[PDB]
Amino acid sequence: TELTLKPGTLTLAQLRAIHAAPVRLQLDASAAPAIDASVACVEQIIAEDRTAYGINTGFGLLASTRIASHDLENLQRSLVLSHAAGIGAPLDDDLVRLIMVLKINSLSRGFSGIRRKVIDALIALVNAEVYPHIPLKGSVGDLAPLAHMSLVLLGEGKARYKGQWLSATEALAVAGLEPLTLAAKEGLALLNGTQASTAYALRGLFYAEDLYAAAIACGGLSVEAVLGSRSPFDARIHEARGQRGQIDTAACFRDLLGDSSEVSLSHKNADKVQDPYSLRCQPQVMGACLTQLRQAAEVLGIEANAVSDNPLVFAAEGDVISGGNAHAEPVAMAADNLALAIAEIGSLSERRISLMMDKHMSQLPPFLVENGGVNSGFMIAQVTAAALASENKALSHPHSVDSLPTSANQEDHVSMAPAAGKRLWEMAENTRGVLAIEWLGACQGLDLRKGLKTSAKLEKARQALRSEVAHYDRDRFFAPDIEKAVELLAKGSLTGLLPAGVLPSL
């Protein structure tokens, strides 16, 4: 997988690919100039015995003292060691790779005053598929997680390779590297930034997108299973409202559903029963979710390319300036935004499941099973979906509204973006479980409409499932079916049915 990186130009689709699979990358030749020039600007400051905070000074007491060169170099190690104070579970390699590539992208923009050779080391680690240990918690939005990553550069910490933990030195050799020594500003360049926060929210974004796509397919099947109407998806309704998300959503439903199906055609005159909101307001509810994840994607798309460390080096003017780009407030809001979409996608789906369980609603046997006097059918699966949908409401509580003061009142407001981002992964597992159950139920219900077929793309969704899970004939161990369905969705089995260009990264 060759990627030739033009720093600051990653697209959301590129980001999804980095997240999904190993990468091979190289910096574009056009990146060298600005990168080498911020180093030269740093080198000049030092050569001219100029004092610059965050460049050649010590801290606090020494924040204006030109720390001797000797202590300057060891100050970088001490920063990284002391800052590597994270805790909790190890991030998986996929997420570690994204963070590494985000850091490379940002440093490579030439505002950080870090040597190209350090950047090249990180790249060597990516290319070698050597992923430094990074613990899940600690950042308030990303000193700790970025400090854990950088440990390996110095020959400290540990890293994963071929799924086994290696010592840093062992790890470095795998990548054809030897331990490095950091120079002025490099410690800060590596530790300051929003790459972990951004990475966490991006994974939430990609999950949110996979689930949107799945939900269009499952909701289409459910519509068919209970003989719902295609009228709610009429373009005229959506154009008259003017909401773009909803207009795009409805277009997706029409594409998947078509004008009619054998199923729909064989439910002749009757269209006298208006469909419940969980079917009929799918464009409106799923469109709102689509708009919401597009808003987040835009913010996160920009942040993936942001120059986020501090202080910034402006070689062109000779200036070094301390600002607040390491504050990940926009990332935090984007994540809280995504929370709303993942929850409402799951909520609308659970009510569709609920409908399907109701023989007064479904025009199907109660709980989707033949001879329910002695068979419980899907009844407890529906309960599982309610439990999962429910959990998402509390999980929806925003993290972007909380802050505690740190660094002795000097970092008196922070974003809490890492917590905001990572709760999204569990919300997505809940909504994924809900959709898997909807998937199972709608194929069961369509099954009961003996011999009848739905549309072309929805029939592919039925075959996808039925190749792993059989029709529900009579009560049997239920959980393995749900497990199966969930893995299918997690593997993107239905994503490909959605039309192109709808979702930010797809």
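All residue numbers are counted from 1 along the displayed sequence.
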*In this entry, is the chain continuous from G141 to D142, or are deposited residues missing in between (none, 1 to 3, 4 to 9, 10 or more)?*
1 to 3
*asked:* Please compare 41-49 with 439-447 and say which has the higher mean C-alpha temperature factor in the record.
replied: 41-49
*Averaging C-alpha B-factors over each stretch, which comes out higher, 334-342 or 171-179?*
171-179
*Go through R66, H471, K460, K453 one by one and give the residue whose Cα B-factor in the PDB entry is largest.*
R66
*Using the temperature factors in the entry, find which of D94, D271, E350, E156 has the highest value at its Cα atom.*
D271
*Just say lowest, middle or highest third for the CA B-factor of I104 relative to the other modelled residues in its chain.*
middle
*asked:* Please place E239 in the lowest, middle or highest third of its chain according to the CA B-factor in the PDB entry.
replied: lowest
*asked:* Quick check on the deposited entry: does the C-alpha B-factor of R280 sit in the lowest, middle or highest third of its chain?
replied: middle
*Within-chain third of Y200 by Cα B-factor, per the entry*: highest
_Modelled-residue ranking by C-alpha temperature factor, third containing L388_ = middle
